[PDB]
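Read the structure below first, then the notes.
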Amino acid sequence: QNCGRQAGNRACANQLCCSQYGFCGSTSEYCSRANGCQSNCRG
(Lines give C-alpha, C1' and ligand atoms only; values in the text may rest on other atoms or scores of the structure.)
Protein backbone atom coordinates (compact mmCIF):
# COMPACT_ATOMS: atom_id res chain seq x y z
CA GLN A 1 0.00 0.00 0.00
CA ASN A 2 1.20 3.51 -0.93
CA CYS A 3 -2.04 5.56 -1.13
CA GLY A 4 -5.85 5.46 -1.37
CA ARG A 5 -8.90 5.90 0.89
CA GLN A 6 -7.05 3.97 3.62
CA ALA A 7 -3.88 6.12 3.68
CA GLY A 8 -5.89 9.35 4.12
CA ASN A 9 -6.27 9.83 0.33
CA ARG A 10 -2.76 10.52 -1.02
CA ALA A 11 -1.13 10.12 -4.48
CA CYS A 12 1.46 7.72 -5.96
CA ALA A 13 4.19 9.34 -8.09
CA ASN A 14 7.11 6.91 -7.55
CA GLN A 15 6.88 3.74 -9.71
CA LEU A 16 3.61 2.08 -8.64
CA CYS A 17 -0.03 3.32 -8.82
CA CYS A 18 -2.84 4.32 -6.49
CA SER A 19 -6.61 4.23 -6.99
CA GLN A 20 -9.74 5.49 -5.15
CA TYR A 21 -9.98 2.53 -2.73
CA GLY A 22 -7.03 2.45 -0.33
CA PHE A 23 -4.42 0.47 -2.27
CA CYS A 24 -1.44 1.45 -4.42
CA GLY A 25 0.86 -0.94 -6.32
CA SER A 26 0.99 -2.67 -9.72
CA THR A 27 -1.82 -5.27 -9.61
CA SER A 28 -5.09 -4.87 -11.59
CA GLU A 29 -7.01 -3.37 -8.64
CA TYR A 30 -4.97 -0.30 -7.74
CA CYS A 31 -3.33 0.15 -11.14
CA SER A 32 -5.71 -0.51 -14.05
CA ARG A 33 -5.95 1.05 -17.53
CA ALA A 34 -9.70 0.45 -18.06
CA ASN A 35 -10.88 0.22 -14.42
CA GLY A 36 -8.27 2.26 -12.52
CA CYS A 37 -5.27 4.57 -13.16
CA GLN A 38 -6.01 7.44 -10.76
CA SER A 39 -2.46 8.16 -9.59
CA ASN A 40 0.79 8.08 -11.67
CA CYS A 41 0.30 4.65 -13.29
CA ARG A 42 2.59 2.95 -15.91
CA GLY A 43 5.18 5.69 -15.34
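Ordering of the C-alpha coordinates sets the chain letters (A, B, ...); residue numbers start at 1 within each chain; ligands are numbered from 1 in the order shown.
Around region 24-40 of chain A, within 8 Å and counting only C-alpha atoms, the residues found are residues 1, 2, 3, 4, 11, 12, 13, 14, 15, 16, 17, 18, 19 and 20 of chain A, once anything fewer than 4 positions away on its own chain is removed.
Backbone DSSP of chain A yields strand (DSSP E or B) at residues 17, 18, 24 and 25 of chain A.
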